[PDB]
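Peer 1: whatever this is, show me its structure:
(chains A and B, ligands or ions: 3)
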Amino acid sequence: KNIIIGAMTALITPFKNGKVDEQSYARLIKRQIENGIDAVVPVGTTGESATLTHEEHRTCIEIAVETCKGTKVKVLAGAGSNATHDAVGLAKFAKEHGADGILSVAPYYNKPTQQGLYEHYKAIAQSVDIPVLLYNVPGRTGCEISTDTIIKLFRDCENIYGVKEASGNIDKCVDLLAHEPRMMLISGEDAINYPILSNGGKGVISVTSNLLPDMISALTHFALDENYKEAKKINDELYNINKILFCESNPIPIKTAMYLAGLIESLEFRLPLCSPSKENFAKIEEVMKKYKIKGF
Amino acid sequence: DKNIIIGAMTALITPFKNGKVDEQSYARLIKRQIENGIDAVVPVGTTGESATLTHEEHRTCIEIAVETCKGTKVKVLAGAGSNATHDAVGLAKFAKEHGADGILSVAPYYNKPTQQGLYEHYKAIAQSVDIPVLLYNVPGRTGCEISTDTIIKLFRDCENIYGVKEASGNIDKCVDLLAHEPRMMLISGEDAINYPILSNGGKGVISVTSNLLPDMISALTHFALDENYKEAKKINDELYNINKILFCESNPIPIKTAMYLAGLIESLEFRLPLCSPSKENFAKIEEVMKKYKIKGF
Ligand SMILES: [Mg+2]
Ligand SMILES: [Mg+2]
Ligand SMILES: [Mg+2]
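Peer 2: Numbering: from 1, shown residues only, chains lettered A, B, ... in the order given. Ligands and ions are numbered 1, 2, ... in the order given. Please see the structure below:
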């Protein structure tokens, strides 16, 4: 199976005067590349995929693909939907624009059954010839890809090679790798990056890496080299920032942090996302002071 | 004051035939709803597979609803929500143009807006049209919750926002809402607890069961609004089994299964990622249906 693993970043999407700030987007991708990141995830959850037009969706993927040419860095494009016809289109669309693989979130809101989830991903996987990584985040979608469904899709679809897990369920992560040890379990939850990696996970798709790519990159590769004492020691230092980056709904805290670090010009979201509370703004600022934030 | 749309309302299923919207079955079903005491129809809501319908099919179903309900008392409360505020504003203006009397606007799903964001989201929607706007809170589907304070603030600050459809299994919250803002129109979005919500001051239901048994849901709602709580509770108790079995799998998979079993739609067709039920739930739905008299056309 072709895979995309290692330290990966769910890229924020910076806005300037309500439009996508395309040059800062490219500049941020160069900061990830230069700090040990192995792949970037454009237009994911952290990238406010829900409020981007199809043209901006395309724009961010092509900026990501263009910026990563000549590097080892891959583009794992966000291309998921709660309508299978749309998800197939976004999958074919991300492939036609040079993405190395697609991250495909479980259908949100309309909550399909396991049989429906199977047919959903089977249709997506059969529409492209690039790796497909499942994305399970039940707190956001209202549904759960069961361990059995993930394993069947991994075994039945050639390009489906693993799953982003954002479920705070280390039991499920043991379930997955004990029954199907060939899948690429990817952590979608920064605080438990090390426990997932130490059980056989092969990478992270990180929110914290937007701000601290070098630390998330070092953590993952220490762990992949089975240097678990150095991986756990980075995981332990990151716990405070990992948690505070979710004091409000992601990506509200991480964009707040990027703005506080001077990495983006405007603290702009698209509604229904908005600036954090004045408290949470202050709490994020306080926790940031205990970390060294790389510049450009 | 405030313009309101209340009473017995149906979240219409959207029948498909050969992958297309059966517009001709759609009109027949709406005319079956009218003819059985329903006060309003909800096109392209959650039960209508709004997520897998194109914007053109969105228009088509709203239009059929507006046209089929012309000359009757039945209103059209169109589904017009999105997790992107710019899109929700567009769908709200869009629904007004096709004759909808009001809009049901689901809370932003997936992206979990904060309470502040939810307020600005709905304030933008309400200011874009001059027709009633009903909030829709279903946290099990959206991953977020419109708090009581946010609902009340929205009701008081925007003239088109007049209530909320509650699908949260939280009768405490419904007491919280009507005790602090008793002028609001609390609408039940949970068929099994239709009567408890109505007996606490709720002013209507937006029902899934009403697709199959519109006469029973209509009588239940009207009994309760006329304060005949013994007859309203008696229909609610009779409906409990079908109310639950219609959620043995994710709505609208069971209700469409029942509508097909009742011969009310031609094809048991969904749009992926929705699919036909398991073989066992097909049998369970069929068995529970047996105890109810299902009105025809
Ligand atoms: Mg180069
Ligand atoms: Mg090494
Ligand atoms: Mg320091």
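
Peer 1: ranges for the strands of the stretch 1-150 of chain A?
Peer 2: In order along the chain, the stretch 1-150 of chain A carries the following strands (DSSP state E, counting those that start in this stretch): A:6-10, A:15-16, A:19-20, A:39-41, A:74-78, A:101-105, A:132-136.

Peer 1: would TSV of those with distance to chain B and mean neighbour count be doable?
Peer 2: C-beta here means a position set from N, CA and C on the backbone, and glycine is covered the same way. Shown next, in TSV, are the strands of the stretch 1-150 of chain A (distance: least, C-beta to the nearest C-beta, whole Å; neighbours: other C-beta atoms under 10 Å in any protein chain shown):
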stretch	distance to chain B	mean neighbour count
strand A:6-10	13	28
strand A:15-16	13	18
strand A:19-20	13	14
strand A:39-41	16	27
strand A:74-78	12	28
strand A:101-105	8	27
strand A:132-136	11	26
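
Peer 1: redo the ones you listed as JSON lines? Include distance to residue B:295.
Peer 2: Converted to JSON lines, these look like this (distance: least, C-beta to C-beta, whole Å):
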{"stretch": "strand A:6-10", "distance to residue B:295": "51"}
{"stretch": "strand A:15-16", "distance to residue B:295": "53"}
{"stretch": "strand A:19-20", "distance to residue B:295": "53"}
{"stretch": "strand A:39-41", "distance to residue B:295": "52"}
{"stretch": "strand A:74-78", "distance to residue B:295": "46"}
{"stretch": "strand A:101-105", "distance to residue B:295": "41"}
{"stretch": "strand A:132-136", "distance to residue B:295": "42"}
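
Peer 1: which among those is found nearest to residue B:153?
Peer 2: Taking C-beta to C-beta as the measure, those were each checked against residue B:153, and strand A:15-16 came out nearest at 26.5 Å.

Peer 1: please state the offset of that closest one from the chain centre?
Peer 2: Centroid separation for strand A:15-16 versus its chain: 21 Å, with C-alpha atoms, centre = their mean, to the nearest Å.

Peer 1: each with direction, which strands does it pair with?
Peer 2: strand A:19-20 (antiparallel) (DSSP bridges).

Peer 1: off-centre distance for the strand it pairs with?
Peer 2: 21 Å.

Peer 1: same question, stretch A:89-98
Peer 2: Computed by C-alpha atoms, centre = their mean, the chain-centroid distance of stretch A:89-98 equals 18 Å.

Peer 1: contact partners of that stretch?
Peer 2: Outside of stretch A:89-98, the residues that reach it under the criterion C-beta atoms under 8 Å, 6 or more residues apart in numbering or on different chains are A:57-58, A:61-62, A:65-66, A:75, A:77, A:79-81, A:102, A:104, A:124, A:127-130, A:132.

Peer 1: from the residues you listed, which land in helices?
Peer 2: Counting by DSSP state H, the members of those that fall within helices are A:57, A:58, A:61, A:62, A:65, A:66, A:124.

Peer 1: before we move on, what SS does residue A:200 have?
Peer 2: Reducing the assignment to helix, strand or coil with DSSP: H, G, I helix; E, B strand; the rest coil, the entry for residue A:200 is coil.

Peer 1: quick one on the thing from earlier: farthest pair in the ones in helices among the contacts of stretch A:89-98?
Peer 2: A:66 and A:124 (24.5 Å).

Peer 1: looking at these two, which one has more neighbours?
Peer 2: residue A:124 (27 against 13; other C-beta atoms under 10 Å in any protein chain shown).

Peer 1: give me the distance between that one and chain B.
Peer 2: As judged by C-beta to the nearest C-beta, to the nearest Å, residue A:124 and chain B stand 10 Å apart.

Peer 1: also residue A:289?
Peer 2: Counting by C-beta to the nearest C-beta - residue A:289 and chain B are separated by 24 Å.

Peer 1: show me what contacts that residue?
Peer 2: For residue A:289, the set of contacting residues under the criterion of C-beta under 8 Å, 6+ apart is empty.

Peer 1: quick check: residues of chain A near chain B?
Peer 2: Residues of chain A lying close to chain B by C-beta under 8 Å from any C-beta of the partner chain are A:45, A:48, A:50-51, A:82-85, A:105, A:107-113, A:115-117, A:119-120, A:123, A:139-142, A:248-249, A:252, A:270-274, A:276-277.

Peer 1: and with 6 Å instead?
Peer 2: Applying C-beta under 6 Å from any C-beta of the partner chain, one finds that chain A approaches chain B through A:50-51, A:82-84, A:107-113, A:115-116, A:119-120, A:139-140, A:142, A:248-249, A:271-274.

Peer 1: can you select the buried ones from the residues you listed in ChimeraX?
Peer 2: Here is the ChimeraX command that selects only those of the residues of chain A next to chain B that count as buried (16 or more other C-beta atoms under 10 Å in any protein chain shown):
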select /A:50,51,82,83,84,107,108,109,110,111,112,113,115,116,119,120,140,142,248,249,271,272,273,274
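
Peer 1: excluding chain neighbours, give the residue nearest to residue A:287 in space.
Peer 2: Spatially, and ignoring its direct neighbours in sequence, residue A:287 is nearest to residue A:244 (4.4 Å; C-beta to C-beta, 6 or more residues apart in numbering or on different chains).

Peer 1: that neighbour touches residue A:288, doesn't it?
Peer 2: No - Residue A:244 sits out of contact with residue A:288 when judged by C-beta atoms under 6 Å, with a separation of 8.4 Å.

Peer 1: residue A:229: which element?
Peer 2: Per DSSP states H and E, residue A:229 falls inside helix A:228-244.

Peer 1: what sits closest to residue A:262 if chain neighbours are left out?
Peer 2: With sequence-adjacent residues excluded and distances taken as C-beta to C-beta, 6+ apart, residue A:262 is closest to residue A:295, at 7.9 Å.

Peer 1: same question, residue A:131
Peer 2: Setting aside the residues directly before and after it, residue A:131 is nearest to residue A:101 in space (C-beta to C-beta, 6+ apart), at 3.8 Å.

Peer 1: got it, and residue A:237?
Peer 2: The spatially closest residue to residue A:237, leaving aside those adjacent along the chain, is residue A:215, at 7.5 Å (C-beta to C-beta, 6+ apart).

Peer 1: for the helix or strand in which the one you found is found, which outside residues touch it?
Peer 2: When secondary structure is defined using DSSP H and E, the element that contains residue A:215 is helix A:213-224. By C-beta atoms under 6 Å, 6 or more residues apart in numbering or on different chains, the surrounding residues in contact with helix A:213-224 are A:6-7, A:32, A:35-37, A:197, A:204, A:206, A:208-209, A:230-231, A:234-235, A:294.

Peer 1: just the helices from the stretch 151-296 of chain A, written as ranges.
Peer 2: Counting by DSSP state H, counting those that start in this stretch, one finds helices in the stretch 151-296 of chain A at the ranges A:170-179, A:193-198, A:213-224, A:228-244, A:252-260, A:278-288.

Peer 1: now for the fourth one, which elements pack on it?
Peer 2: So that's helix A:228-244. Secondary-structure packing of helix A:228-244 (3 or more C-beta pairs under 6 Å, 6 or more residues apart in numbering or on different chains; DSSP states H and E): helix A:193-198, helix A:213-224, helix A:278-288.

Peer 1: re the thing from before, so how far is the helix holding residue A:215 off the chain centroid?
Peer 2: Computed by C-alpha atoms, centre = their mean, the separation of helix A:213-224 from the middle of its chain amounts to 15 Å.
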